[PDB]
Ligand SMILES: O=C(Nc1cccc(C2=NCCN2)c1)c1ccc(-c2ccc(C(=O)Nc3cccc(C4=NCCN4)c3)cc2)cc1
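Below you will find one chain, with nothing else, as structure tokens; this is the form solved without the ligand, and questions on how it binds or moves follow later.
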């Protein structure tokens, strides 16, 4: 497993990230207290996950750049850029958890639920985003791909926030939205909210960093990565409800939050008129007993087994796309990622 190999090292480079981001304090002591808060926000919200998106940059980089070109500086930039993807994720999750009324994340209480944090987390989240661009400037400003990386991170963020917009609009609090929960809609939501930043961005970044700038090469990689991202979000939805919370580190809120989840979409395709009514009466509400009825409806329709089959067909489909579209990139770049997610 190429990720488990590169990980310890990736994770160790976090203290240098924090050191470099908290050196502004030297030039300007007056911002001491803010930088201290920044460190606390980084330590709490950037550590504790699996680091798959960040590690994808490092792994891809190693596989795409001739080993003679992997000097100490180039490696450090690679890890820095991986850490940029992780900071983007931490930005996103801190704000998402507020918007989804979540309780826990990565096995600890959500940053916004900490006493004395609350809605100040809005600013915390945006500070994490700003750190991305400070890191890129600090480590990559003289590199021919600098502008490419900046634009990629900006554009990936815009797309993801369009995603999030679709997510929120399809899931209004207090309104039954079952009619809106279609396969077509679901696929759009997850393409935008998840697939661009979690799959396309880290591989593209490593591509740019290796001087692979071509529009056709990016687009082919993209065909594979967006389908992988679709599956990853579908797995995420399944795990919100059926996942083991000691493994996931997070309590589910999709049913309560009236979300267009893969589960509810599959439910809707399979439900009798009577079960449609159970869903209609119970979905999108805070009451634990109403959430449990929805779960029981999902179990009665064998949705876990529908997911298991979907995982199998999807895996095959993605492997097919790797056969079609990897070239001229090493198939290993996509395979090691698929292994990681399936």
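Numbering follows the first chain given and starts at 1. What we label the rigid core is the largest C-alpha set whose atoms superpose within 1.5 Å from one form to the other.
Same protein, other form: the form solved in complex with the ligand, not shown, and the subject of what follows.
Exercise for review: Verify the flagged residues 50, 332 and 340 against the ligand in the deposited complex: is each one within 4.5 Å by a non-hydrogen atom?
Suggested key: Each of the three qualifies.
Check your understanding: With the cut-off set at 4.5 Å between non-hydrogen atoms, does residue 236 touch the ligand in the deposited complex?
Key -> Yes.
Check your understanding: Is residue 145 close enough to touch the ligand in the deposited complex, meaning at least one heavy atom pair within 4.5 Å?
Key -> Result no; residue 145 lies far from the ligand in the deposited complex.
**Study point:** Exercise: residue 55 in contact with the ligand in the deposited complex, heavy atom 4.5 Å
**Key:** Output for residue 55 is yes: heavy atoms within 4.5 Å of the ligand.
Practice item. Spell out, yes or no, whether the shortest heavy atom distance between residue 41 and the ligand in the deposited complex is within 4.5 Å. Key: Output for residue 41 is no: heavy atoms all beyond 4.5 Å of the ligand.
Check your understanding: Pick from 50, 39, 28, 317: whose Cα moves by 2 Å or more between this form and the one not shown, rigid core superposed?
Key -> The residue that shifts is 317.
Point to revise | residue 144 C-alpha moves between this form and the one not shown by 2 Å or more, core aligned | key: Moves: no, less than 2 Å.
Practice item. Determine whether the C-alpha of residue 198 shifts by 2 Å or more between this form and the one not shown once the rigid core is superposed. Key: After core superposition, the displacement of the residue 198 C-alpha between this form and the one not shown stays below 2 Å, so no.
Check your understanding: Any chance the CA of residue 105 moves 2 angstroms or more between this form and the one not shown, core superposed?
Key -> No, because once the rigid core is superposed, the C-alpha of residue 105 moves less than 2 Å between this form and the one not shown.
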